[PDB]
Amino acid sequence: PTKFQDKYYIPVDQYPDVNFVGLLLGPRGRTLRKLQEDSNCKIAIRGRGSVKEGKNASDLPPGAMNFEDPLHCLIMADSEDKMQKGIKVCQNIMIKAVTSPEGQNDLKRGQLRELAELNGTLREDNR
């Protein structure tokens, strides 16, 4: 969008051992691309901790190597309404990560299942 942009800060200090980035991206980044279609926004994960140590920097989009800010979703839209819907769907995911009772995060279960399909390691047993 580029006309309207906002940063949604991820509560890393409060939850230092929750993997928010993985829950947002999903297998192959597919969850984040769905969130973008949901909100009609471009969404990027940026800031300190948004890049695995240490990725092929020369293969990264502009601005991705700026770690001055804490971890955030950068939301970009071409109306204020869309931008706010983008903040909403990111906040939804953050809330899901923190308030899901152990083992009841359906989004994450589905993600890990789909990941296993892609890696050919799917199992459907109780062990």
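In this text, residue numbers run from 1 along the sequence as written.
Colleague: Looking only at CA atoms, which has the higher mean B factor in the entry: 97 to 105 or 66 to 74?
Modeller: The stretch with the larger mean CA B-factor is 97 to 105.
Colleague: Averaging CA B factors per stretch from the PDB record, which one is higher: 28 to 36 or 53 to 61?
Modeller: Result: 53 to 61.
Colleague: Which listed residue, 14, 19, 119, 111, has the largest C-alpha temperature factor in the record?
Modeller: Within the set 14, 19, 119, 111, 119 shows the top C-alpha B-factor.
Colleague: How does residue 82 rank on Cα B-factor within its chain, lowest, middle or highest third?
Modeller: Highest third, going by the recorded CA B-factors of the chain.
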